[PDB]
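Breakdown of the fold
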Amino acid sequence: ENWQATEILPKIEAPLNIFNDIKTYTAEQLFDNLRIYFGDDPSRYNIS
Amino acid sequence: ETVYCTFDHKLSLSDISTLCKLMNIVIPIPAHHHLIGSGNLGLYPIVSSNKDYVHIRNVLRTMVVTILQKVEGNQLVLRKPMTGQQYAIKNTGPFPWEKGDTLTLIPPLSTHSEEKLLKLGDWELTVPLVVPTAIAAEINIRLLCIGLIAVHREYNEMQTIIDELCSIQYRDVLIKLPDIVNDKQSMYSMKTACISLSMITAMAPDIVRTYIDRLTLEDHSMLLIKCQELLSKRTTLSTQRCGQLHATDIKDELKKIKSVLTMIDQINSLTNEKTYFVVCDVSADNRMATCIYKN
Amino acid sequence: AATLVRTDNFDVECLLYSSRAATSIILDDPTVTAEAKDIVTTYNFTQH
Amino acid sequence: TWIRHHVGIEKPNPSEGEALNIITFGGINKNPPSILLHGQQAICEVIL
Amino acid sequence: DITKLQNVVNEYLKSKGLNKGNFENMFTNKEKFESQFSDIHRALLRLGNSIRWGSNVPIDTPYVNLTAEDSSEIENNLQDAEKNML
Amino acid sequence: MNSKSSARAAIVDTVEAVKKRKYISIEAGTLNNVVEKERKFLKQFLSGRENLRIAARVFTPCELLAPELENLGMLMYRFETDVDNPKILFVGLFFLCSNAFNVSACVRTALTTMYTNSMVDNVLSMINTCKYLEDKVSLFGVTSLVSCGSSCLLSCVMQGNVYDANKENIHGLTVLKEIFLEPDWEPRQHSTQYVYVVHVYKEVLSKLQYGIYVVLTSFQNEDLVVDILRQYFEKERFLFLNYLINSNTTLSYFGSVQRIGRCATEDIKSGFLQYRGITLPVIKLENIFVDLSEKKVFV
């Protein structure tokens, strides 16, 4: 929900979290709620 | 040149999400025109309301292909394709696209158990299936076989022979052709197509007979020999009872040839299948592919 | 009798030494090219 | 058929035709073991 | 029937394909001419092509045709005709 | 008039039109934050409206590309395969003209001696065990950019003139001199001719043998070119009329023609290839605007 949001909005710059396997966290799905895109996406440009 | 489509009813959030899933697709359009409503978007204003399959095949040949580009707040941007240039097409059909394949539009295998991509107050959205050309030929031949053998009775293997027609396979993706036992959901009924084929195969031998029985003195030397062979191999006992015992009119022969040539240039639709797209590369996981547009 | 042969593949972390200025890289300023597929245009940076 | 049984092979003699050239053009393969607990293995053989 | 077979089959095969035996087609045009004795001379040479098409990699075979009992019955019929032409 | 001035004006207009197609004016607010590299890239800001040729990257096992890793510009053929691991496989025009029947025995053996290995032998066995040819292997385009790594990367042109990049050394289609022929009353009638590929089958008493022909003619109209090719092939057409009934192999025609694209009359030149010392005569078409039309069969 509201993915175009985090692709668009202001973002607070966070210090390095020092977490290994960011790709692995995602591909193993540690998180219930994630959206990824492998290559660049026009899905944030439609605002209805 | 672009085309705007504004829908007629309201849309649910799930419907707008369906469009965002379908943001690249081919849509046929009747009028080559800038502002089109959902009352004429798609192919359901033609199929299901008017003669089906062969006029549908002629119409899918003659409508305007137009691809979705972007969905606005509630409007559709459809860019119509120019010849010789690249576009991008998403994969809706079941058969896997590969590189260098030619693409064509077949009418949808109109089972009424489909998920009905939009269904907006007695209007629904139907797209043609983009498919490789080899499979399109194979699907056309299987449909004509089903429409031929569905009229015969008293085959006691009719269920298994219709099943062996309906099961086709192409690059490890099976599909069952939904024209089973004449459920009449959309059989498409193809009755002029089979009638036209059998008018051709019945009016052929006597027309080539009445032509070849004349002017052999001239040294054609190839045609006369070939027709005797070709005719007397299959129809080995040729013209015993003769029907009328050789009382023909030149006007009758005129009408025979004129009819048998009308049948061909009116089955022109099932004659050929044009290559609407030549796909150059295919993206990963076979979601969409960048192609070039031809014809 | 028999002599059963068997291979095994390991994981090794494996360190390296190299004396200084052993091998020179002569290189380019990176060049830019662009191709326009009509949904996404790819910009490619090459360097020799 | 007896030897394929008594060493544990089903579906014998993959073809005389197409699967000949297919296998000699590509690895034949097999379904993966459902449970695997220790990694990769293969053991060859010399008679002696 | 000799004219129908010799016309329709022989000339038109060697014209439609394998355009080298047109010298032999001039020979079979003179065979269509009423010079039967000289015509049936070299029926071996115009049988060799039938041998080539009945069996691949052409050999020489006996002059009467492929089926053995039909081959003997042809000769029996020819002796019957030679005894009683009428 | 002045003449020289107007000529310079037209040349400046063409160069500025090339820049208008190449770069894009930016109407971002364009503030002074960025580094100078991003500054000059935001001033230029290329897009790919400049090449206007359509290519495709392709991966092929390098055992099959024996002269074609050296001689840029070749027809290529997509062979789909029932092997899941590689679903498509790419094929040289010469690799398929080996077992084409038009090629004489000396040229056929000479090319084969180029093309002798285990992979190529297995692929030719697969092609022969295929029933027909034209819809198990198919036309794909014209070669540029051979990489020759482990699995060789081939670019291939679907449409436009044949060039990798820089629009320099625009390569040309290389056709084997034996396999091509131009059926028309006047060869090279007035101007630029259309180059076609004709697949013709033949049956020597047991199996089908294919033949790969390339025709060059001034006619654009496909009905006219199949009407001249029936007149060319009327004898063997007759032989297939006898074959296609007694056979049961799923094919329904004698051959098929498909357009490669344009050429130029003065851009036709002879020559020879050589790979591993085998001199091999070719007719090198020089500048080709590749334009694949549909396959059109004739029976």
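- Its PDB header attributes the entry to cryo-EM and lists the resolution as 9 Å.

1. Here's the deal with the interface of chain B and chain F
- Contact with chain B, which involves 19 residues of that partner, is made by 20 residues of chain F.
- Of the roughly 1,700 Å² buried at the junction of chain B and chain F (both faces included), carbon and sulfur atoms supply 58%.
- The largest per-residue losses of area from chain B upon contact with chain F belong to B:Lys99, B:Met222 and B:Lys294, which jointly make up 28% of the total buried on that side.
- Counting the contacts that link chain B with chain F gives three salt bridges.
- Here B:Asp101 makes a salt bridge to F:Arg78, at a shortest N to O gap of 3.2 Å.
- At the boundary of chain B with chain F, the tally comes to six residue pairs in polar contact.
- Of the residues assigned to the side of chain B that touches chain F, the class counts are five nonpolar, four polar and 10 charged.

2. Overview of the nonpolar core
- Membership of the largest hydrophobic core comes to 91 residues, with the highest contact counts inside it found for F:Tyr77 and F:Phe95.
- The leading source of residues in this core is strand 7 (residues 194–203) of chain F, at seven residues.
- Apart from the residues lying within four places of it in its own chain, the contact partners of F:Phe95 are F:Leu64, F:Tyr115, F:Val120, F:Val123, F:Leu124 and F:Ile127.
- Within the second largest apolar cluster, 48 residues are counted, among which are B:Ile46, B:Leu109, B:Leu144 and B:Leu270.

3. Here we look at the interface of chain D and chain C
- Across the contact, eight residues belong to chain D and eight residues belong to chain C.
- The contact between chain D and chain C buries some 710 Å² in all, and 51% of this surface belongs to carbon and sulfur atoms.
- Taken as a group, D:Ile43, D:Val46 and D:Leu48 account for 55% of the area that chain D buries against chain C, more than any other trio of residues on that side.
- Where chain D meets chain C, there are zero salt bridges.
- Connecting chain D to chain C are four residue pairs in polar contact.
- For the side of chain D that touches chain C, a count of residues per class yields six nonpolar, one polar and one charged.

4. Remarks on a negative patch on the surface
- Among the surface-exposed residues, B:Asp172, D:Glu18, F:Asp82 and F:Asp84 lie close enough to one another that they form a single negatively charged patch.
- Judged by relative accessible area, F:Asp84 falls into the exposed class, the value being 53%.

5. Remarks on the pattern of salt bridges
- This model, assessed by the stated rule, comprises 23 salt bridges over all chains.
- Linking F:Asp291 and B:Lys294 is a salt bridge whose minimum nitrogen-to-oxygen distance equals 4.0 Å. Residue F:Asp291 is located in strand 12 (residues 290–291), and its partner B:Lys294 is located in the segment after strand 14 (288–293); the two belong to separate chains.
- The partner of F:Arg49 in a salt bridge is C:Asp38, with the nearest N and O atoms 2.8 Å apart. Residue F:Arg49 is found in the loop between helix 2 (36–44) and strand 1 (54–61), and its partner C:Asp38 is found in the loop between strand 1 (31–36) and strand 2 (41–46); the two belong to separate chains.
- Within the structure, one salt-bridge network assembled from shared partners comprises B:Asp101, B:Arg171, F:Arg78, F:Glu80 and F:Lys136.

6. A short note on the pairing of strand 8 (residues 208–217) of chain F
Residues and elements named next belong to chain F.
- Counted residue by residue, strand 8 has eight buried out of 10 residues, so it is predominantly covered.
- In the sheet, strand 7 pairs with strand 8 via 10 bridges, with the strands oriented antiparallel. Residue pairing in the sheet places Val198 in a bridge with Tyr213 of strand 8.
- Hairpin connection from strand 7 to strand 8: four residues lie between these consecutive antiparallel strands, with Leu205 at a positive phi of about 65°.

7. Let's talk about helix 2 (residues 54–62) of chain B
- Buried residues of helix 2 of chain B: B:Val54, B:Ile56, B:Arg57, B:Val59, B:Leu60 and B:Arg61, and no others.
- The secondary structure elements touched by the buried residues of helix 2 of chain B are strand 7 (102–106), helix 3 (133–149), helix 5 (191–212) and helix 8 (268–271) of chain B.

8. Concerning the packing of helix 1 (residues 2–16) of chain E against helix 2 (residues 22–32) of chain E
Residue and element names in this part refer to chain E.
- Across the interface, helix 1 lies against helix 2 with an axial gap of 9 Å and an inter-helix angle of 165°. Taken as axis vectors, helix 1 and helix 2 run roughly antiparallel relative to one another. Every pair of crossing elements has a handedness; the one defined by helix 1 and helix 2 is left-handed. When helix 1 is examined against helix 2, the residues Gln6, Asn7, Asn10, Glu11 and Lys14 are found in contact with a partner set consisting of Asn22, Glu24, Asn25, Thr28, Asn29, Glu31 and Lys32.
- Within the contact of helix 1 with helix 2, the residues separate by chemical class into no nonpolar, seven polar and five charged.

9. Overview of the side chain of E:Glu31
All names here are of chain E.
- Inspection of the secondary structure assignment puts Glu31 in helix 2.
- For the buried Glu31, no salt bridge is present, and the opposite-charge side chain at shortest range is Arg46, 4.3 Å distant.
- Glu31 has contacts with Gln6, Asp39 and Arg46, leaving out every residue within four places of it along the chain.

10. Remarks on the environment of B:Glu253
All names here are of chain B.
- Among the structural elements, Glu253 can be located in helix 7 (residues 250–266).
- When the C-alpha positions of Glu253 and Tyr211 are compared, they lie 9.4 Å apart, and in sequence the two are 42 residues distant.
- Once residues within four sequence positions are removed from consideration, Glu253 is found in contact with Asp206, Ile207 and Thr210.
- Here the side chain of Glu253 touches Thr210 through a polar contact of 2.4 Å, side chain to side chain.

The rules behind each value
Residues numbered from 1 in each chain as written, not as in the entry; some residues may be left out. Chains lettered and ligands numbered in written order. Part of a larger assembly, values for the part shown. Heavy atoms only, no water. Contact = heavy atoms within 4.5 Å. Buried area = accessible area lost by both parts, 1.4 Å probe. Salt bridge = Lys/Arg side-chain N within 4 Å of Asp/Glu carboxyl O. Polar contact = N/O pair within 3.5 Å; in protein donor to acceptor, adjacent residues only side chain to side chain. Nonpolar A, V, L, I, M, F, W, Y, C, P; charged D, E, K, R; others polar. Core = buried A, V, L, I, M, F, W, Y, C linked by side-chain atoms within 4.5 Å. Buried < 20%, exposed > 50% of the residue type's maximum accessible area, 1.4 Å probe, protein only. Helix = DSSP H or I, 4+ residues; strand = E, 2+ residues; numbered from the N terminus. Patch = residues over 30% accessible without salt bridge, like charges linked within 9 Å, V, L, I, M, F, W, Y side chains within 5 Å. Areas by Shrake-Rupley, 256 points an atom, 1.4 Å probe, with all protein chains shown as cover. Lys, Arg positive; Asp, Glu negative; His and termini not counted. Charge placed at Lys NZ, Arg CZ, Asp CG, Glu CD. Pairing = 2+ DSSP bridges. Axes fitted to C-alpha atoms, helices over the stretch in contact; angles between N-to-C directions. Parallel < 35°, antiparallel > 145°, perpendicular 65-115°, else oblique. Left-handed = near helix turned anticlockwise from the far one by under 90°.

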